[PDB]
């Protein structure tokens, strides 16, 4: 595994990933609904042109987050066995320097890992499903499959990943951790 920091564009969000090699394909972040940084990161207003699917029908991000927390409390074990809300704010992907939107979603569990994930819809089917439901970008960074039909979860060759390009998955995992450590923004972890 690895832990990595994503800076708030406007605070650091630590994610745990078993696929640090896919960092150039991380197109959004997802925090557990109960994550301690959520209230900090919530924007006062929706950005202009926000996708209505992202707002939970709330007039402001704060109202939407409060409603999401209240609603998911009405779920049972049956439901818990993809929904979410945009916080109105962005983090910076440390690999490509690009802004990525921050969500909460109940598919991310508060007391596991760091309680936050980087979402890589190209290569994690859970993220693929969420991205399709919300209209988020799906980017291929591991050649081998067909991301238009499903997440590609296997081994392959790095693409669209700058200094990782051409590497195998195991080689790319080592390279990106090296880069994270040189920048002081992540670590390999068991």
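Positions refer to the first chain, counted from 1.
In this entry, no coordinate-free residues of the deposited sequence separate residue 171 from residue 172. The entry shows an unbroken chain from residue 76 to residue 77, with no unmodelled residues of the deposited sequence in between. Per the PDB record, of the two stretches 23-31 and 128-136, 128-136 carries the greater mean B-factor over its C-alpha atoms. Stretches 93-101 and 116-124 differ in mean CA B factor, with 93-101 having the higher one.
Per the deposited coordinates, the residue with the largest Cα temperature factor out of 64, 44, 164, 143 is 44.
Among the modelled residues of the chain, residue 55 sits in the middle third by CA temperature factor in this PDB entry. Split the chain's modelled residues into thirds by C-alpha temperature factor. Residue 156 is in the lowest one.
The deposited CA B-factor of residue 5 belongs to the lowest third of values across its chain.
When the modelled residues of the chain are ordered by their C-alpha B factor, residue 15 lands in the lowest third.
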